[PDB]
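Novice: okay, here's the opening piece of the assembly, coordinates as they are in the complex:
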Amino acid sequence: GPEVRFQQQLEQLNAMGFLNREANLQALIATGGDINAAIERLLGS
């Protein structure tokens, strides 16, 4: 399934210093796997 997109995007976020898989998962699930609308949530929204 497309879960591989979400998983690899948690690592693109890991490189920036977002060192948590669960917060990164919820930030992408809140969009459907759009990462730029996920990054602003990890910044605090």
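Specialist: Looks like it came in fine. Residues are numbered from 1 along each chain as shown, chains lettered A, B, ... in the order given.

Novice: list the helices and strands the helix ranked longest in chain A packs on?
Specialist: Identified as the longest helix of chain A according to DSSP state H is helix A:3-15. With contacts taken as 3 or more CB pairs under 8 Å, 6 or more residues apart in numbering; DSSP states H and E, helix A:3-15 sits against helix A:21-29, helix A:36-42. C-beta: built from backbone N, CA, C; applies to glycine.

Novice: Output those as JSON lines; include the columns distance to residue A:13.
Specialist: Below are these laid out as JSON lines (distance: least, CB to CB, whole Å):
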{"stretch": "helix A:21-29", "distance to residue A:13": "5"}
{"stretch": "helix A:36-42", "distance to residue A:13": "7"}
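
Novice: how about those, which one is nearest residue A:10?
Specialist: Minimum separation from residue A:10 across those (CB to CB) falls at helix A:21-29, 4.4 Å.

Novice: Relative to the whole chain's centre, how far out is the closest one?
Specialist: Chain-centre distance of helix A:21-29: 5 Å, with CA atoms, centre = their mean, to the nearest Å.

Novice: got the angle for the longest helix of chain A vs helix A:21-29?
Specialist: Between helix A:3-15 and helix A:21-29, the angle comes out at 120 degrees (axes from the mean of the first three to the mean of the last three CA atoms, to 10 degrees).

Novice: now the sequence for chain B, which goes on the structure above:
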Amino acid sequence: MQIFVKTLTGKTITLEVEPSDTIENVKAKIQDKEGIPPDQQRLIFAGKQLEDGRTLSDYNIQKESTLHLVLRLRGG
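Specialist: Putting chain B together with the chains above:
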């Protein structure tokens, strides 16, 4: 001196800089070379925001150093 700007990561580019130059002028160099307004940009030093600190000398940013650049499209 010269640093590895990671633009969302994947794209890593060298940027030539002076330590005493302003982070305002670094935002302007990004803006005018890559065609993107500074409001869309955020500079991420290992999860910390670069803001209110003034220059690369103020933070003691140096050489061959891996500053992340987050950029925000207004949807699509």
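
Novice: Check what packs on helix A:3-15 one more time with chain B there.
Specialist: helix A:21-29, helix A:36-42 (3 or more CB pairs under 8 Å, 6 or more residues apart in numbering or on different chains; DSSP states H and E).

Novice: Please give the number of neighbouring residues around the residue of chain A at minimum distance from chain B.
Specialist: In chain A, no residue comes nearer to chain B than residue A:17, which is 3.0 Å away by CB to the nearest CB. Neighbour count of residue A:17, defined by other CB atoms under 10 Å in any protein chain shown: 13.

Novice: Run through the residues that contact it.
Specialist: B:44, B:46-48, B:68 (CB atoms under 8 Å, 6 or more residues apart in numbering or on different chains).

Novice: helix, strand or coil for it?
Specialist: Recorded secondary structure, residue A:17: coil (DSSP: H, G, I helix; E, B strand; the rest coil).

Novice: Report how many residues lie close to the residue in chain B positioned nearest to chain A.
Specialist: Taking CB to the nearest CB, chain A has its nearest neighbour within chain B at residue B:47, 3.0 Å off. Each residue near residue B:47 was counted by other CB under 10 Å, and the total is 11.

Novice: mind listing what it touches?
Specialist: Contacts for residue B:47 (CB under 8 Å, 6+ apart) come out as A:16-19.

Novice: quick one: contacts of the longest helix of chain A?
Specialist: A:21, A:24-25, A:27-29, A:33, A:35, A:38-39, A:42, B:6, B:8-10, B:68.
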